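Colleague: The structure under discussion is supplied below as C-alpha cells; questions concerning it will follow.
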Amino acid sequence: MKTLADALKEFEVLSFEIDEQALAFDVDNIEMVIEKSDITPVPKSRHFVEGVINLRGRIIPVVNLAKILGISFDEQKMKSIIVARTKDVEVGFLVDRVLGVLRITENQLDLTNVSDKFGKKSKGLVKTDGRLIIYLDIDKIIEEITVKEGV
C-alpha cells in the first residue's frame, strides 16, 4: 500500500465490453468476475435481480448495472458475471466479456470525487487513449440496488 497517496491521473479498474463501448467499475469495490448464466430462475420474485446464489451462509443478488444505468447494453452479448461488495452487500453485475484489470484514468476524483460525465445512474462516463468507456464506483448503482423499490 502506498499510504502516502499522490497523483490521480491513471487508475486500475474492472472492465468489460458493453455493446461496442467499454465499461469499468471501481475495482476497489469490485471483488472478482464469475462465469455463470441463468442464475436463480425459479426463485424469481423481484425484477431487477436476474438471479442470486447461496454461498458461505450468504446469498448474493446478481443484477445488470448496465440495465439500471442503461448504456448501449440490451442483453445482446451478455455472458460473464461480476461480483462486488457494497455496504455489507455482495452485489453482482452480469456483462458480456469482462477484460478485468483496466487502465482507467480518473480526472474525476481530486478533492473528493466529482464528475457529471454520466452521473445519471452512476459516477460518470470515462475516456482514455481516444477510446470511449463507461465508469462507475458502484455508489449510485448500488444505492439504487437497495432502494430499488419505489416505482
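Residue numbers start at 1 in each chain; chains themselves are named A, B, ... in the order of the C-alpha cells; ligands are numbered from 1 in the order shown.
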Please identify all polymer residues within 9 Å of residue 82 in chain A, counting only C-alpha atoms, omitting same-chain residues fewer than 5 positions from it, and present them as a compact mmCIF listing (two decimals) with N, CA and C atoms, in the first residue's frame.
Modeller:
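File written: result_0.txt
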# COMPACT_ATOMS: atom_id res chain seq x y z
N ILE A 30 -15.26 -3.76 -6.61
CA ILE A 30 -15.39 -5.00 -7.35
C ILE A 30 -14.46 -6.07 -6.79
N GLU A 31 -15.02 -7.20 -6.39
CA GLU A 31 -14.23 -8.29 -5.82
C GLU A 31 -13.57 -9.14 -6.90
N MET A 32 -14.39 -9.78 -7.73
CA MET A 32 -13.89 -10.64 -8.80
C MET A 32 -14.99 -11.03 -9.77
N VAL A 33 -14.60 -11.39 -10.99
CA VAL A 33 -15.55 -11.79 -12.02
C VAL A 33 -15.83 -13.29 -11.96
N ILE A 34 -17.10 -13.65 -12.10
CA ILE A 34 -17.52 -15.05 -12.06
C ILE A 34 -18.28 -15.44 -13.32
N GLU A 35 -17.95 -16.60 -13.88
CA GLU A 35 -18.62 -17.07 -15.08
C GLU A 35 -19.86 -17.89 -14.72
N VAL A 62 -27.55 -11.01 -8.09
CA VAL A 62 -26.93 -10.60 -9.33
C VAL A 62 -27.92 -9.81 -10.19
N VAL A 91 -22.96 -7.69 -4.12
CA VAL A 91 -23.72 -7.43 -5.32
C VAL A 91 -23.06 -8.02 -6.54
N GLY A 92 -23.85 -8.23 -7.56
CA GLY A 92 -23.33 -8.80 -8.79
C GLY A 92 -23.86 -8.14 -10.05
N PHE A 93 -23.01 -8.04 -11.06
CA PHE A 93 -23.40 -7.44 -12.34
C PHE A 93 -22.94 -8.31 -13.50
N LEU A 94 -23.89 -8.74 -14.32
CA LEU A 94 -23.57 -9.58 -15.47
C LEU A 94 -23.25 -8.73 -16.70
N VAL A 95 -22.15 -9.09 -17.36
CA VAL A 95 -21.69 -8.39 -18.56
C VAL A 95 -21.38 -9.37 -19.68
N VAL A 98 -15.73 -9.50 -19.76
CA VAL A 98 -15.01 -8.65 -18.86
C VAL A 98 -13.51 -8.85 -18.97
Colleague: Fewer than 3 positions away in the same chain doesn't count, so skip those; otherwise give me all residues within 8 Å of residue 36 in chain A, counting only C-alpha atoms, as a PyMOL selection string.
Modeller: chain A and resi 39+79-81
Colleague: Can you tell me, as a ChimeraX atom specification, what residues are no more than 9 Å from range 67-78 of chain A when counting only C-alpha atoms, ignoring any on the same chain fewer than 5 positions away?
Modeller: /A:17-21,48,94-97,120-122,134,141,144-145
Colleague: Write down as number ranges by chain the residues belonging to chain A that are assigned strand (DSSP E) by DSSP computed on the backbone.
Modeller: A: 10-18, 21-25, 30-35, 51-55, 58-63, 80-85, 90-95, 97-105, 124-128, 131-136
Colleague: When DSSP is applied to the backbone of this structure, which of chain A are assigned alpha helix (DSSP H)? Write them out as a list in words.
Modeller: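 DSSP on the backbone gives alpha helix (DSSP H) at residues 65, 66, 67, 68, 69, 139, 140, 141, 142, 143, 144, 145, 146 and 147 of chain A.
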Colleague: Take CA of residue 4 in chain A and CA of residue 107 in chain A and report the distance between them in Å, one decimal.
Modeller: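 Rounded to one decimal, the two atoms are 19.1 Å apart.
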Colleague: Could you check which of A:63, A:138, A:151, A:8 is closest to residue 87 in chain A, using only C-alpha atoms?
Modeller: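 Counting only C-alpha atoms, the residue closest to residue 87 in chain A is A:138.
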Colleague: Give me, as a PyMOL selection string, all polymer residues having an atom no more than 6 Å from residue 14 in chain A, counting only C-alpha atoms and skipping those fewer than 6 positions away in the same chain.
Modeller: chain A and resi 24-25+27+100-102
Colleague: Could you save those same residues with N, CA, C and O atoms as a JSON list (two decimals), in the first residue's frame?
Modeller:
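The resulting file, part.json, is shown below:
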[["chain", "number", "residue", "atom", "x", "y", "z"],
["A", 24, "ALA", "N", -16.31, 0.12, -17.09],
["A", 24, "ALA", "CA", -15.48, -0.24, -15.95],
["A", 24, "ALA", "C", -16.09, 0.18, -14.61],
["A", 24, "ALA", "O", -16.75, 1.22, -14.52],
["A", 25, "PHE", "N", -15.84, -0.63, -13.58],
["A", 25, "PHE", "CA", -16.33, -0.36, -12.23],
["A", 25, "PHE", "C", -15.14, -0.28, -11.29],
["A", 25, "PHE", "O", -14.23, -1.10, -11.37],
["A", 27, "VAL", "N", -12.55, -0.99, -9.40],
["A", 27, "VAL", "CA", -12.01, -2.27, -8.96],
["A", 27, "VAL", "C", -11.84, -2.33, -7.45],
["A", 27, "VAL", "O", -11.65, -3.41, -6.89],
["A", 100, "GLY", "N", -11.36, -7.36, -17.21],
["A", 100, "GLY", "CA", -10.74, -7.38, -15.90],
["A", 100, "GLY", "C", -9.99, -6.09, -15.61],
["A", 100, "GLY", "O", -10.56, -5.00, -15.74],
["A", 101, "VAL", "N", -8.72, -6.20, -15.24],
["A", 101, "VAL", "CA", -7.91, -5.02, -14.95],
["A", 101, "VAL", "C", -7.96, -4.03, -16.11],
["A", 101, "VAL", "O", -7.84, -4.41, -17.27],
["A", 102, "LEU", "N", -8.18, -2.75, -15.79],
["A", 102, "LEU", "CA", -8.28, -1.72, -16.81],
["A", 102, "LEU", "C", -7.52, -0.47, -16.39],
["A", 102, "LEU", "O", -7.58, -0.05, -15.23]]
Colleague: When you look at residue 110 in chain A with a cut-off of 10 Å (counting only C-alpha atoms), what residues show up, excluding the ones that are within fewer than 2 positions of it in the same chain? I need them as a list in words.
Modeller: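 After dropping sequence-adjacent residues, the list is residues 7, 8, 9, 106, 107, 108, 112, 113 and 114 of chain A.
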